[PDB]
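Step one of this worksheet: look at the structure below.
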Amino acid sequence: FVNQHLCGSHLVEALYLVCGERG
Amino acid sequence: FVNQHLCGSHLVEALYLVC
Amino acid sequence: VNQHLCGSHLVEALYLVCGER
Amino acid sequence: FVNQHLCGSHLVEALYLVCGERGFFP
Amino acid sequence: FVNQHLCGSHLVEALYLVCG
Amino acid sequence: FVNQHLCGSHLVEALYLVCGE
Amino acid sequence: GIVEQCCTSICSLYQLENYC
Amino acid sequence: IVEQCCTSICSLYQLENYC
Amino acid sequence: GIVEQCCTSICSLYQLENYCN
Amino acid sequence: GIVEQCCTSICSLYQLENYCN
Amino acid sequence: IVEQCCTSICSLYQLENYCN
Amino acid sequence: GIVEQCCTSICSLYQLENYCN
Ligand SMILES: [Cl-]
Ligand SMILES: [Cl-]
Ligand SMILES: [Zn+2]
Ligand SMILES: [Zn+2]
């Protein structure tokens with residue numbers, strides 16, 4: 001099952017918000 | 001507005017899917 | 001966790017079923 | 001069930017990007 | 001200016017919910 | 001345009017990531 | 001077009017169901 | 001609520017109670 | 001079907017294109 | 001409030017956490 | 001670039017180019 | 001990478017910060 005792919009899409013969104021767009 | 005910020009959240013998602 | 005992830009979908013479902021508050 | 005719904009949710013966003021103007025379901 | 005394109009992205013997720 | 005709705009949608013998500021329930 | 005319709009004003013999930 | 005709707009899926013009707 | 005094919009393993013951009021209109 | 005503050009301009013992670021209840 | 005995919009719609013190809 | 005340890009179990013947003021440039 002594609003569980004790591006799904007989670008990965010959530011992680012980019014969390015990285016986006018943590019690292020702040022100049023990051 | 002957070003126009004650019006929202007747009008970017010979509011971008012990262014698009015880039016993930018393509019990369 | 002597939003569950004923590006699921007919760008993320010859960011709030012989006014609640015936002016649009018509920019409206020805004 | 002949940003895992004199937006979650007996956008499908010990601011499929012449609014993926015189709016949205018890949019399918020452009022074309023679309024993917026009316 | 002990609003307003004239509006961003007909206008539509010939420011749109012299809014709203015539709016997915018509704019059409020089960 | 002439905003701008004408030006769309007931003008509200010990203011907010012609830014970012015709140016879930018930081019606050020959980 | 002669903003698009004034109006629901007990116008102008010917010011659509012209810014019932015409006016949304018018609019297009020299913 | 002996360003527990004309940006992520007073990008077993010909730011219908012839109014159930015979710016409306018958490019409104 | 002797209003579910004059986006794209007949820008059991010990861011679909012490329014071309015696999016996904018097959019389900020466009 | 002939250003919409004105004006955060007749909008006007010970017011709210012960091014620490015700022016959105018002040019909204020956790 | 002945000003500057004260019006938020007003032008107009010980027011294609012998959014334009015997005016592939018923002019990877020390496 | 002990030003996927004193997006943050007999909008495994010839920011990383012804290014502190015763990016996540018360590019991946020920022
Ligand atoms: Cl997911
Ligand atoms: Cl948006
Ligand atoms: Zn998900
Ligand atoms: Zn958006």
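Any read-out appearing in this document is the output of simple, stated calculations on the displayed coordinates, not a laboratory observation. Quick reminder, even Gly has a Cβ in these numbers, built from the backbone with ideal geometry, and neighbours come from all protein chains shown.
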Exercise for the section: Starting from the range F:1-20, take each residue that is under 15 Å from A:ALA14 (Cβ atoms) and list its partners that are among the charged types (D, E, K, R), counting only C-beta distances under 8 angstrom and pairs at least six apart or across chains. Expected result: F:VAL12/C:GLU12; F:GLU13/A:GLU13; F:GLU13/C:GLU12; F:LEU17/A:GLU13; F:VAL18/J:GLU17; F:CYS19/J:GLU17
Practice task
Within chain J, count every residue that is surrounded by 13 or more Cβ atoms within 10 Å (Cβ to Cβ), of a type in the set (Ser, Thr, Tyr) and not in a loop (DSSP other than H, G, I, E, B).
Solution key: 0
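Could you check the range B:10-19 and list, in sequence order, the residues that are of a type outside the set (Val, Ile, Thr) and either more than 16 Å from ligand 1 (Cβ to nearest atom) or in contact with a strand residue (DSSP E or B) (Cβ under 8 Å, 6 or more places away or on another chain) (or both)? Walk me through it before giving the result.
The initial filter retains those residues of the range B:10-19 that are of a type outside the set (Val, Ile, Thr), namely B:10-11, B:13-17, B:19.
Across the range B:10-19, the qualifying residues are B:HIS10, B:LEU11, B:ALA14, B:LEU15, B:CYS19.
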Practice task
Go through the range G:1-13 and give me each residue that's within 11 Å of E:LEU15 (Cα to Cα) and either more than 8 Å from the chain's Cα centre (by Cα) or among the polar types (S, T, N, Q) (or both).
Solution key: G:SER12
